[PDB]
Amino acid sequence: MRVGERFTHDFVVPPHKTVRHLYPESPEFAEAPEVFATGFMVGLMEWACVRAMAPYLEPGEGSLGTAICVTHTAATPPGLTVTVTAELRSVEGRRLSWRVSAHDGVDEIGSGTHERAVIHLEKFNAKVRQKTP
C-alpha cells in the first residue's frame, strides 16, 4: 500500500446518526443538538481507511483502530452529504497512519489523523474471548 494514496467516500447524513442515537442509553444526551455525532464521524473515517486497505489485506487479516486525533469544528444536520477523504500518511510494522478530513458540502467539519493496526482475525478473536466474562 502506498504513502500518499487516497480514498474518498460520501455519506448522506440520516436522522439516526445524530448525537442522541449514538447513546440512546444517555439521558444526558436527550436534548443534544440534532447533528452528526463526533463518534459517527470518527466511524465514517475509520470506514474509509478500512475500505482502502481491504484489497491489500491477505486472507484472514483485518484491522482495529489504534488512535484517533481529530477536530470537529462545524456541525452537520441530517440531509447534508459528508465527504470523507483518507490519505496514507505512513506505515511502520503492522501500523498505518492516515490523514483524514471531512466536509459537509458547506463547511469543512473536521480533520486529523487516525492509526490502525493490522490483525490476524482468528488469533485476535481467540484473545478477546479470553477477556470475556
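In case it trips you up, residue 1 is the first one in the sequence shown, and so on.
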Seminar exercise, completed: Between 21-29 and 108-116, the record assigns the higher mean Cα B factor to 21-29
Exercise. If you average the Cα B factors in the entry, which is higher, 46-54 or 31-39?
Worked result: 31-39
Problem set entry | Chain-wide C-alpha B factor ranking for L64, given as lowest, middle or highest third | highest
Exercise. In terms of the chain's CA B-factor thirds, is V91 lowest, middle or highest?
Worked result: highest
